[PDB]
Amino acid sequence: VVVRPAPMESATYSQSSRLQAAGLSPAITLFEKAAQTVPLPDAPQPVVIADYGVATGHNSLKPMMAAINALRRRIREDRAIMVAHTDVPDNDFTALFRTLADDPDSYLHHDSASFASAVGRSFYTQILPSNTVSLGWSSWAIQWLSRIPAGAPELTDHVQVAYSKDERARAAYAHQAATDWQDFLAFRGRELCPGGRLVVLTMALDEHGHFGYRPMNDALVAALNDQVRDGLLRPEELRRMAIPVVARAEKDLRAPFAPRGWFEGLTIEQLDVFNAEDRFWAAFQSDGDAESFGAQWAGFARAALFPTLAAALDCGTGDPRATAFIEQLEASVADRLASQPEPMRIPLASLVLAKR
C-alpha cells in the first residue's frame, strides 16, 4: 500500500548523469577536506566510507577516490579502506559491481587495499553498524521521498509538487520531507564514528524559494498530456503519475537542529546553497546545436524520472508498452526543449555534518 519511487534506469544512468556529476563537483572538495582531518579509527581497524544512494556507481568514483587519496596520506598503505555503497533493494547492484570492476577510474584499480560492498536497504532506517562510518557521502539521493505521502491528493501536473496548485499536496510532501530528513540524520548519527563527517549534496530551493528546471517542467508536463491526447496514454494512468522528489530550503535543512544547533549527536559544520552552472546551456552557446541540447536535457530526465512515471502504467515495468512510453516521452521532451533552448536554474545545497 505504501507507494515508493523507482530507482534510476540502470541502462542509461551512467551516461545520463553528467548534470548530477557537474553539480556535485564542489561537494567533492568538502569531502576531501573532511578526509584530511577526520579522526580515524584505532590501530589497523578498517576505515569505512559510506555512499548513500549509489545508483550505478558512476558518479561515486570521483568522490570515493578523493577521500581514499587523502586517507592514504594519513595511514599505512596496507590498511584496509571499505566503501559501503547503499541504495534501495531494487537498485541494479550488478551494474554497480560491473562499474567497480570495469571502469578504469574505479578506486579498486587505484588502491590495492580498498574494498567494496553494497547495502540494499532504504537509508531512512539504520543500515550500518553503530559508530563505524568515518566518512559519509550522499549526493542527489535525499531529495527522494521515502514514499508518496499517505492521503496526499493526486498531482494534476505530476512531475514536481513545487509547481502544483494544490496547497494540500505541497504541505503533505513538505511534511514527508521533514520526517525523512529527521530519519536520515538520526540513523547517520548512529552510524558515524564519534567525530565522523558526512557530506550531503541535494536538490534545494533557491534564495527566492524556487525549485528551478522551469522549462524542463513545462516540456515534461506537455509531453505527458500529448500522449493522453494521442491515445498512447490512458487518463487513469496519467492521473496516477507523481514524482516523489522534494527540494529543501535552507531553513528546511536546519529544522532538526534549530532547538540549539544539534540533532541526535550531529551538527551542521558547513552549509551552502548555490545554483549549479547550467552546462547544457553553456555548450549550446558554444556550438549552437539545438538537438544536442534537447537530447542532453531529455536523457537526464529519462534516467532519473521516467522509471517512477513508468510504474504508474497498467502493464508491467518489463513490458514492451512501458519501453515505448519511455522512449516516446524522451523524444517529445527532447523536441520541445530543442525548439527553444533556455538556461535553467539548478539549485543545490551542500552540507558538512559532524558527529560530536
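We number the residues from 1 along the sequence you see.
Subject >> Greater mean Cα temperature factor according to the PDB record, 182-190 or 235-243 >> reply: Stretch with the higher mean C-alpha B-factor: 235-243.
Subject >> Which of 105-113 and 252-260 has higher mean CA B factor, as the PDB entry lists it >> reply: It is 252-260.
**OP:** Could you check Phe300, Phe325, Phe31, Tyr52 and tell me which one carries the biggest Cα B-factor in the deposited entry?
**Re:** Of the options given, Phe325 has the highest CA B-factor in the PDB entry.
Original post:
Between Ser10, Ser25, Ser17, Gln340, which one tops the list for C-alpha B-factor in the PDB entry?
Top reply: Answer, based on the entry's C-alpha B-factors: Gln340.
Original post:
Among the chain's modelled residues, which third holds the C-alpha B-factor of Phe284?
Top reply: According to the entry, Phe284 has a C-alpha B-factor in the chain's highest third.
**OP:** Check where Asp230 lands among this chain's C-alpha B-factors and tell me if it's the lowest, middle or highest third.
**Re:** Its C-alpha B-factor belongs to the highest third of this chain's values.
Original post:
Based on the entry's values, in what third of the chain does the Cα temperature factor of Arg147 lie: lowest, middle or highest?
Top reply: Middle third, going by the recorded CA B-factors of the chain.
**OP:** Looking at the entry's B-factor column for C-alpha atoms only, identify whether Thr267 ranks in the lowest, middle or highest third of its chain.
**Re:** CA B-factor rank for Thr267: middle third.
**OP:** Rank-wise, by C-alpha B-factor, drop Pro44 into the lowest, middle or highest third of its chain.
**Re:** It belongs to the middle third of the chain when residues are ordered by C-alpha B-factor.
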